[PDB]
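Down below is the structure, laid out as structure tokens.
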Amino acid sequence: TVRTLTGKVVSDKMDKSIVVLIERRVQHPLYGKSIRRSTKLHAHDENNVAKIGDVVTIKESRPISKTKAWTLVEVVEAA
Amino acid sequence: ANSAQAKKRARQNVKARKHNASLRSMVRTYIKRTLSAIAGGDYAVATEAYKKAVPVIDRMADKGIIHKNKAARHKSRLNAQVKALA
Amino acid sequence: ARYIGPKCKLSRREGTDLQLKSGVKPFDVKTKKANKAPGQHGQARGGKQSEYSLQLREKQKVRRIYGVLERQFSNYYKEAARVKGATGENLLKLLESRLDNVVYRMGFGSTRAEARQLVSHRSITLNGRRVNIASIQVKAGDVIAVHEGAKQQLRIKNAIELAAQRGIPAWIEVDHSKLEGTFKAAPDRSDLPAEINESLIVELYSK
Amino acid sequence: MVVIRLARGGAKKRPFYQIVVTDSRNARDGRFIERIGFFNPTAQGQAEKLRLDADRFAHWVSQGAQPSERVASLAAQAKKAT
RNA sequence: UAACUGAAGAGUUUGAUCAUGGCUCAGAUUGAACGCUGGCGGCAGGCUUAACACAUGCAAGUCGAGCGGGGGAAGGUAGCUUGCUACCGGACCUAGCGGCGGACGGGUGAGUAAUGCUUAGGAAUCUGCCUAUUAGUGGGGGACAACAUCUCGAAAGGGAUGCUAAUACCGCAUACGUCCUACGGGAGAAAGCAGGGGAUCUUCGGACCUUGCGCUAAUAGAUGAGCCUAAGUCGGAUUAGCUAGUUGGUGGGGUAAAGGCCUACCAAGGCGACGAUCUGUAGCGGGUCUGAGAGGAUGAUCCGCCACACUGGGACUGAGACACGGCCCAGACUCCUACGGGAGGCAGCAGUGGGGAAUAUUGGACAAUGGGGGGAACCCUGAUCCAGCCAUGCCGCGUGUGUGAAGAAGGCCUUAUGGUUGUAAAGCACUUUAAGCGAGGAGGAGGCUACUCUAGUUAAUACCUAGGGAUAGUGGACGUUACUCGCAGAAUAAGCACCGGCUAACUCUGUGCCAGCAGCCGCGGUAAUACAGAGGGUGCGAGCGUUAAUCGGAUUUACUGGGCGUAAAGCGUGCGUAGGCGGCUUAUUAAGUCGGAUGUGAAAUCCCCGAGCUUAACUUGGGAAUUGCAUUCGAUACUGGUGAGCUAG
């Protein structure tokens with residue numbers, strides 16, 4: 001019963017943190033053509049398991065730092 | 001202040017401020033003594049300082065000078081730091 | 001407000017009898033200027049008219065018959081358009097449902113103006129209360145009567161005598177002995193005279 | 001505290017009250033938690049004079065709401081009528 | 001049943017014409033303003049500009065049943081210059097300490113493009129008064145206002161010494177819960193007051209019993225608040241790079257609580273063409289106006305959220321404030337002064353000056369609904385309910401009705417005696433709406449006190465609490481109310497714009513490119529239907545016109561719904577980055593797409609059916625709607641992802 005998201009890791013340099021890029025497809029409000037929107041989320045990786053290019057699942061949690069409020073659940077696909 | 005009750009509130013505010021400041025400074029002093037003993041590093045001295053400090057923190061927390069969550073935090077953290085000295 | 005002034009020139013301009021006078025004498029003998037407009041530049045009815053002129057002149061005739069001013073008439077049109085059914089039929093039913101018109105068609109008033117005067121002066125009771133508003137809508141089953149103080153008035157006897165000559169309407173059931181009638185239902189368009197082309201008023205307001 | 005009181009609606013000299021559950025600090029005609037009936041002191045003809053939802057009234061009273069004096073009187077009247 | 005059903009064109013480029021393309025007009029709407037005119041009622045609205053400066057009054061108090069003092073009226077007994085004096089027991093009042101309130105209610109939109117708002121979720125929190133439940137309320141101590149004395153100052157207000165009460169303050173004791181714990185243990189509260197009473201004692205005046213209001217520790221509920229996440233939320237590239245507590249981690253600090261919130265180290269991270277940074281403008285939403293719809297404009301009055309309180313920076317008290325009518329500091333300004341010293345913040349209500357095209361009374365009552373205090377009686381409340389002013393808007397009503405011609409007079413026109421004003425007027429006969437005078441008269445008031453009885457708790461019939469009954473008092477600002485019944489008399493009541501075409505309504509005099517009119521095309525240079533007056537008419541009507549502003553017509557930024565040979569419009573031509581789109585077959589996935597269910601989408605507003613206002617406006621019951629968002633379960637044709645295969649590109 002927790003909010004999860006699936007995305008691609010685009011950064012793993014910092015300690016215990018990954019940058020996941022989420023993608024969604026929405027309709028333009030007036031012109032009606034489906035377009036692509038992307039958001040960047042900072043997640044928490046306790047053991048630095050995730051790497052650049054993997055497909056990961058993250059879930060909402062209590063804040064861990066200034067910008068991190070999501071935690072890694074599992075690595076669906078490895079680069 | 002324009003009204004008599006407002007003036008009375010200001011007077012009571014000053015008096016309560018002095019009293020609360022006294023009690024709060026007492027709490028700070030006892031915590032500082034415990035920290036000084038911990039820095040000294042003797043286990044028995046630190047234990048004695050902590051045992052002296054705890055009742056003051058509890059009494060002032062009960063009077064409302066500090067929150068009981070604050071008192072619990074101080075007690076737990078100081079106890080852990082004392083235990084670290086073995 | 002309320003129009004006060006010469007009645008017959010209005011009929012002359014409209015080109016038809018508007019029942020503004022009681023009707024003791026015919027309109028032709030009463031005016032002697034029928035078939036001509038009231039202006040010094042007045043002509044016969046055969047002159048050319050634009051569509052706007054026709055639409056305007058149709059609405060003015062109905063307004064002058066019923067004594068209704070422009071704002072109230074526009075409100076009547078809006079209500080008729082909101083209500084489902086034929087818009088012209090709804091408008092004509094709304095006009096005929098007015099209390100002052102119902103009193104006139106009862107015959108206590110020789111003219112709609114006289115009926116309105118009676119209603120305003122509280123000589124008429126709806127159901128059992130002395131109202132004084134001419135524009136009150138009369139519903140099915142309502143009972144209209146004459147107040148006791150207003151009974152025994154030579155104008156009322158003259159009006160009922162003239163109403164005897166006039167065709168008694170079907171939808172209203174009135175006893176003249178005690179001076180009281182019942183509104184049974186709204187008149188139908190077929191019951192109403194056919195010289196009125198309500199479609200012209202409809203196209204006028206629909207623009 | 002939570003109270004049950006009347007919120008004034010209607011027009012000039014013809015008030016119409018809604019019976020509402022609300023925090024007592026809110027404005028009389030402003031924010032409220034729940035509406036549980038109405039009161040019309042000058043009703044006539046077919047107009048309903050008082051309507052109160054007894055189930056929600058009892059629920060809020062058990063939760064701790066404090067009815068005003070007029071609302072308590074209206075609740076007594078509604079209980080007598082029903 | 002019902003909840004909608006909706007789309008008009010015209011004028012103007014030319015000697016004709018068709019097209020293109022601007023400009024202008026017919027509509028709806030307004031917190032409007034101005035000009036002319038002006039009778040009444042109901043319901044609403046009323047500084048949009050200077051978040052400019054403010055005289056004066058009011059807008060926050062209450063509790064003696066928490067406490068000690070201090071007052072001034074009635075009584076009684078004793079003496080007597082005899083109706084005067086001395087003391088004594090009750091009833092009242094409150095400057096001070098103390099409790100609660102003052103963080104609500106009320107005002108404004110300056111700041112704020114996201115620390116805000118809208119929708120949908122979440123975890124690491126606190127929460128006075130209210131409800132339920134559990135364990136208690138034992139015993140001491142030292143002070144300080146008032147008061148007394150001194151002293152400064154005209155005062156206002158200051159400063160210094162000596163006392164005193166408490167539900168003010170601090171130890172000690174005890175601890176069902178509670179906090180810490182190394183799981184052995186350790187730590188921490190509180191206050192009394194009031195009503196009544198059988199028996200007993202009374203060390204002499206209470207103990208004792210009982211019932212309320214209180215106080216302490218804790219767990220739930222309810223309410224309120226704090227924090228976090230995702231999506232959405234106005235322009236500018238003639239602003240392209242921005243950031244070093246900056247991004248992450250560890251130890252420590254800090255908070256009610258997560259967190260660079262803070263700090264010391266370690267690393268080099270973090271944001272940006274899906275617009276970072278900088279910069280202009282702006283409170284946001286429910287809603288409002290317009291539009292067939294899609295869209296566009298807007299955010300007064302009502303409701304929710306946020307922010308601010310002369311301008312900036314802080315903290316105290318408190319459950320809660322970084323506090324409109326509280327404190328400290330700095331700044332500008334204003335006021336009193338006896339030169340010693342002091343005082344202030346209307347964007348609260350009313351009001352003043354100023355600004356402006358323009359927006360009201362220095363009113364009444366707490367009777368009703370609420371809010372604060374109190375056990376209650378009751379007190380406070382510019383919230384509120386009412387009243388005053390204004391045609392500002394909407395709705396309703398009146399200013400009379402019928403008859404009356406061999407067609408009076410007068411006016412205007414004339415082919416000169418007719419036509420028009422016109423049934424119009426006079427005359428005759430009726431009526432009393434509204435306004436005026438007089439007389440009656442609801443409802444907005446549920447209740448409270450007194451009396452009686454019942455049932456609870458108790459030792460009790462007392463007290464307290466909860467109910468019932470009848471009777472009598474008591475309680476309304478509005479207010480001379482709404483409404484009803486009488487009285488006299490047509491008596492008190494009609495204006496404004498326009499008449500060349502667009503666009504309904506035409507002539508005569510005066511003037512002659514003058515005076516003037518004009519939204520556009522255009523009128524006026526002697527017969528002007530276009531200027532001014534008159535007659536007549538037309539459209540509205542207590543209103544009528546003008547100016548300003550928004551949408552529409554405008555398919556004139558074209559998503560719905562336009563164009564680029566010559567009317568405006570294909571880059572001078574290639575290559576190519578990001579991006580957009582992409583051949584055929586097959587398996588799989590379920591992101592796009594589609595369907596179901598659940599939760600939510602506040603109320604008010606719009607629409608429908610009813611109800612009450614003499615009708616209508618207006619008020620109101622219930623629906624419908626809120627076209628959205630989220631979660632979850634399904635479908636697999638098409639698009640996308642993945643695997644395999646193919647040859648027409």
Side-chain angles (χ1 to χ4, degrees), chain A residues 3 13-17 25 30-32 34 36-39 60 62-67 69, chain B residues 1-3 5-6 9-10 12-13 16-17 19 54-55 58-59 61-62 67-72 75-76 79 83, chain C residues 1-2 4-9 22 24 30-33 38-42 52-53 56 69-70 110-111 113-114 117 120-122 126 129-133 135-137 153-155 158 207, chain D residues 1-2 5-17 23-25 27-28 30-32 35 38 40-48 62-66 68-70 73:
Chain A
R3 258 169 177 63
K13 315 279 205 177
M14 40 197 185
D15 308 32
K16 320 196 183 208
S17 324
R25 186 177 281 300
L30 184 64
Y31 298 126
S34 100
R36 298 209 272 81
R37 305 271 83 192
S38 89
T39 166
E60 202 200 5
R62 87 174 174 172
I64 292 131
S65 82
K66 179 180 200 157
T67 64
Chain B
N2 302 133
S3 63
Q5 179 58 29
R9 272 295 189 175
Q12 299 176 325
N13 187 297
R17 193 209 191 141
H19 182 270
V54 158
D58 259 341
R59 291 205 315 270
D62 210 338
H67 206 276
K68 294 204 178 167
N69 291 349
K70 181 157 166 63
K75 288 198 300 199
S76 171
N79 182 234
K83 181 188 193 175
Chain C
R2 187 172 80 89
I4 318 297
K7 309 306 197 77
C8 286
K9 63 180 328 175
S22 156
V24 152
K30 172 67 103 169
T31 182
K32 292 177 198 167
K33 271 138 198 205
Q40 160 264 308
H41 275 298
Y52 180 88
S53 167
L56 201 173
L69 264 59
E70 184 55 34
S110 55
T111 304
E114 199 158 19
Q117 162 120 347
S120 194
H121 291 203
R122 278 154 48 81
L126 182 69
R129 298 165 295 103
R130 283 174 83 183
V131 308
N132 69 13
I133 289 146
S135 86
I136 291 177
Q137 294 279 288
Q153 278 189 0
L154 277 66
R155 72 208 280 215
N158 173 39
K207 178 150 175 331
Chain D
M1 91 270 289
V2 181
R5 66 193 189 196
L6 302 177
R8 165 145 178 165
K12 197 163 80 167
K13 312 216 142 164
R14 326 217 73 220
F16 188 95
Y17 303 95
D23 180 5
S24 65
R25 282 166 308 176
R28 187 194 69 204
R31 179 170 153 177
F32 64 92
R35 190 268 217 161
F38 64 81
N40 187 13
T42 76
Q44 60 231 12
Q46 294 192 246
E48 211 181 346
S62 80
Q63 291 288 51
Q66 301 281 337
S68 74
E69 301 325 334
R70 195 69 175 262
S73 184

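So you know, we letter chains A, B, ... as the sequences are listed, proteins then strands, and number each from 1. Values reported hereafter were calculated over all heavy atoms of this structure, with side chains retained and with hydrogens, waters and symmetry mates removed.
Judged by closest nucleotide on RNA chain E, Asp23(D) is the one of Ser22(C) and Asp23(D) placed further toward the 5' end.
For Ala1(B), the side-chain atoms get nearest to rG326(E) when compared with the rest of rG249(E), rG326(E), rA123(E). Comparing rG400(E), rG249(E), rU420(E) by their nearest atom to the side chain of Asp15(A) picks out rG249(E). Closest to the side chain of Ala69(A), out of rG444(E), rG249(E), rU229(E), is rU229(E). Considering only side-chain atoms of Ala6(B), the nucleotide from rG326(E), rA611(E), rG535(E) that sits closest is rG326(E). Of all nucleotides listed (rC129(E), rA120(E), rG304(E)), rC129(E) comes nearest to the side chain of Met1(D). Looking at the side chain of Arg28(D), the nearest of the listed nucleotides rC180(E), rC228(E), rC385(E) is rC385(E). Between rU317(E), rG402(E), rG447(E), one nucleotide has an atom nearer to the side chain of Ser110(C) than all others, and that is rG402(E). The side chain of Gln117(C) has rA490(E) as its nearest neighbour among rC170(E), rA124(E), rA490(E). Counting only heavy atoms from C-beta on, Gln153(C) has its side chain closest to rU432(E) among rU432(E), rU421(E), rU614(E). In the set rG221(E), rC506(E), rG400(E), the nucleotide with an atom closest to the side chain of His41(C) is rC506(E).
The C1'-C2'-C3'-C4' torsion of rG299(E) is negative. Its sugar is therefore classed as south. Because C1'-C2'-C3'-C4' is positive for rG468(E), its sugar is assigned to the north class.
Between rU550(E) and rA28(E), a Watson-Crick or G-U wobble pair is formed, both defining distances falling under 3.5 Å. If you check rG580(E) against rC261(E), you find neither a Watson-Crick nor a G-U wobble pair with both contacts below 3.5 Å. Here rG66(E) is matched with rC97(E) as a Watson-Crick or G-U wobble partner, both contacts being under 3.5 Å.
Atom CD of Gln66(D) is separated from atom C1' of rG221(E) by 14 Å (rounded to the nearest Å). Taking atom CD on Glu60(A) and atom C1' on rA258(E), their separation rounds to 13 Å, with Å as the unit. The NE2-P distance, from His121(C) to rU401(E), rounds to 10 Å in whole Å. To the nearest angstrom, P of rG226(E) lies 19 Å from CG of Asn69(B). One interatomic measurement links the two molecules: CZ of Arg8(D) to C1' of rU619(E), which rounds to 12 Å at whole-angstrom precision. Atom-to-atom, CD of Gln5(B) to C1' of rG101(E) comes out at 8 Å; the value is rounded to the nearest Å. In this entry the distance linking CG of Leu56(C) with P of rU503(E) reads 12 Å, nearest Å. Distance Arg70(D) CZ to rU369(E) P: 5 Å, rounded to the nearest Å.
No side-chain heavy atom of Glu48(D) sits under 4.5 Å from any side-chain heavy atom of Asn40(D). Annotation: side chain of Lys7(C) is not in contact with side chain of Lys30(C) (no heavy-atom distance under 4.5 Å). No side-chain heavy atom of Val2(D) sits under 4.5 Å from any side-chain heavy atom of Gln63(D).
Distance check on atom P: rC208(E) versus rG140(E) gives 15 Å, rounded to whole Å. The gap from the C1' atom of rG248(E) to that of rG122(E) amounts to 24 Å, rounded to the nearest Å. Taking atom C1' on both nucleotides, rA258(E) is separated from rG226(E) by 12 Å, rounded to a whole Å. For the P atom pair drawn from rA110(E) and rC397(E), the interatomic distance equals 46 Å after rounding to whole Å. Remark: the separation of the P atoms in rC324(E) and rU449(E) is 42 Å, to the nearest Å. The gap from the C1' atom of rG325(E) to that of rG345(E) amounts to 10 Å, rounded to the nearest Å. Comparing the same atom, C1', in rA591(E) and in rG640(E) gives a spacing of 7 Å after rounding to whole Å. Annotation: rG304(E) and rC346(E) have their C1' atoms spaced 28 Å apart (nearest Å).
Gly30(D) comes within 4.0 angstrom of the backbone, heavy atoms only, and of no base. Base contact: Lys32(C) has a heavy atom under 4.0 Å from a base atom. Looking at heavy-atom distances under 4.0 Å, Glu48(D) makes no contact with the nucleic acid at all. In this structure, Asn132(C) reaches the bases: a heavy-atom distance under 4.0 Å links it to at least one base atom across the strands shown.
An anti base is found at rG286(E): its glycosidic angle is more than 90° from 0. Taking 90° from 0 as the syn/anti boundary, the base of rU30(E) is oriented anti. Glycosidic conformation of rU14(E): anti, with the torsion beyond 90° of 0. Classification of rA103(E) as syn follows from a glycosidic angle within 90° of 0. A glycosidic torsion no more than 90° from 0 defines the syn conformation, and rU82(E) adopts it.
Legend: stacked base step between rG42(E) and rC43(E); six-membered ring centres less than 5.5 Å apart, planes less than 30° apart.
Between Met14(A) atom CE and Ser65(A) atom OG the span is 8.0 Å, to the nearest 0.5 Å.
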